[PDB]
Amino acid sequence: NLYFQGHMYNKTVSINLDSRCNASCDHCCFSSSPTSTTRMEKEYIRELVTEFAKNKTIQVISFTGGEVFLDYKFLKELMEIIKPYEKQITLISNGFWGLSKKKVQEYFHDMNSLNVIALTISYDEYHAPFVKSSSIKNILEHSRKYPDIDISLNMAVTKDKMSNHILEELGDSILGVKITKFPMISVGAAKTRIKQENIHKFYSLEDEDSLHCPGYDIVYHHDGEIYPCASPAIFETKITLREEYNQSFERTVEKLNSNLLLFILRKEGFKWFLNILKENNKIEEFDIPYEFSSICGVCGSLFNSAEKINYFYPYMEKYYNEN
């Protein structure tokens, strides 16, 4: 009462628990593998989760990696910290644990009792050498006993690997499951292990009309930085929200809401930045591609270096003085 909308982006948060994974996908934006060492400390993650659970605005806490079910003991401990505070939880997994019917029974029982409202399973031709089809089927079939857990199947595809046979092999286990096939973002292992010809190109620089950011969503990443979104493309940029080791979530939200570059991006769209480079003939100097698989790819190539961000500084400063 007597207050209008304050800060945005404070209802959800994501934590990337670790870069370690059982799989070594050739497209992995983080080049994840069993030998990946990039991660925040366990006690630091416990403090973060405790703070997010006690926070009055956060409604949803999401966990990602890496493979979050790889160290299940630690994942269940984090979920039990949240439990007395009744926050909703979302999980994403490669479903390696589907190989064991005992783990399938136990994990669904735990997710249901720990307020896990959504589980996304990632399966495609890039994941297929590391996880069997029957493991995915066991998870999808058992999810029918837990209708309150929203189940999704995310498939990362290329022109040569469209996952048509993968989806057929899953049989009727996909009935009622939301399936989304998405193109690659040229970051991490996809940059060097996938032919760029095989990456779908849906956007071009000439269609600035439809180039707007899908929306911010705070991520506390395994590199110890904080990002304004969960897109694979953002982790390659110099856009971070961390100023110190012990930063509060209220401070992260305040920084996101006062960041001038991100305010201009949300309000004016990508055309504001692209027209500044076109007007000053800098598209070739900054090696900005002409075609992209996603709007995030444009974002990635506009701010993936300090030279590029610093270039926009006088224009953003001029925008601030005018408005």
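Note that residue numbering follows the sequence shown and begins at 1.
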- request: Identify the stretch, either 19-27 or 309-317, whose C-alpha atoms have the larger mean B-factor according to the entry.
  value: 309-317
task: Using the B-factors recorded in the PDB entry, average over the C-alpha atoms of 133-141 and of 194-202, then report which stretch comes out higher.
output: 194-202
statement: Note to self: of 257, 59, 62, 281, the C-alpha temperature factor tops out at 281
- line: When the entry's CA B-factors for 209, 223, 250, 150 are compared, the highest one belongs to 209
task: Going by the recorded CA B-factors, say which third of the chain residue 73 sits in, lowest, middle or highest.
output: middle
message: Which third, lowest, middle or highest, does the C-alpha temperature factor of residue 184 belong to within its own chain?
response: middle
statement: In terms of its chain's C-alpha B-factors, the third that includes residue 82 is the middle
- prompt: If you rank the chain by CA B-factor, which third does residue 170 end up in: lowest, middle or highest?
  reply: middle
message: Among the modelled residues of this chain, does the Cα B factor of residue 127 put it in the lowest, middle or highest third?
response: middle
